[PDB]
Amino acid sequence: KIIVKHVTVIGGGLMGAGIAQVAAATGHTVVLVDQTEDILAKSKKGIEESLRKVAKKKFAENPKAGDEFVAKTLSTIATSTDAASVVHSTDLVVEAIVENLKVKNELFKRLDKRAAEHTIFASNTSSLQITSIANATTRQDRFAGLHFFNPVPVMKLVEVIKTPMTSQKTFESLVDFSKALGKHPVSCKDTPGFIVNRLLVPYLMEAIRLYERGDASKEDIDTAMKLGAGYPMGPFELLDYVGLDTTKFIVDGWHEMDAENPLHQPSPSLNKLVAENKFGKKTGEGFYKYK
């Protein structure tokens, strides 16, 4: 079996940085790749700060160990601005760059030529057909989806997306890697939305349409789902938390792919908020105003 040990994470953003951190924390050798030295420096800095925040807690009764732990985990993460030079002998490449199909495909088409034979390619894409990226290579049997959830270092779920061409060997390798990260992997075919978003987003859009219809206030709907369905956050609180722009992008995609399905119909309210740059918590305002 191909036991993933050396991992190459391309993209030091919210997800990429978290992926790199959990891999390193769990004993894997990591090379985090991004476009500039500045982006990388900031990315690794946030990883350190996150690790320290946790250490200061579990190592109160021994500050020494705490710092050794952080230094150790942080020392097993390398950085680079040239992915091509790092994939020569990497066991796994996990991509988490800008959500743009053209950019992603060029990336892998290029990497496919440098990566070792056994190297597995995986995308953390939320709204893109894994197959639409696996065909940019001649490594389809070792290409798959590995979808994580933010905050990566906390969220225990990982969706292992297998395409019709993905081998069983590649699948089990990713399932074992997921468990090695201390995650609980589930399986799903290469369908839009996979499992979570496919069943969550459309529900959130329905929550918005109920409001636009004037049937109930945003506040009551949120209260209804929390007390009534036991959800951690009401649909609008969650919409703001995950980003209104992010949500809109996913739904618009499914809409352009099947403009007939009533579940993907655009929301006037959602568009207006995205228009006037109100993306939710990350912008200080979405359906609700924050801090």
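Don't overthink the numbering: it's just position in the shown sequence, from 1.
If you average the C-alpha B-factors over 277-285 and over 19-27, the higher value belongs to 277-285.
As the entry records it, the average C-alpha temperature factor is higher for 243-251, out of 243-251 and 223-231.
Of the candidates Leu238, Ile47, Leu40, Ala259, the one whose C-alpha carries the top B factor in the deposited record is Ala259. Of all the options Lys113, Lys104, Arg209, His147, the entry's greatest CA B-factor is assigned to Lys113. Among all modelled residues in this chain, the alpha-carbon of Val9 has a temperature factor (C-alpha) in the lowest third. Ranked within its chain, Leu200 lands in the lowest third, by CA B factor from the PDB record. Ranked within its chain, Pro185 lands in the middle third, by CA B factor from the PDB record. Per the deposited record, the Cα B-factor of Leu51 falls in the middle third when ranked against the other modelled residues of its chain. The entry lists a Cα temperature factor for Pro164 that places it in the highest third of the chain's modelled residues.
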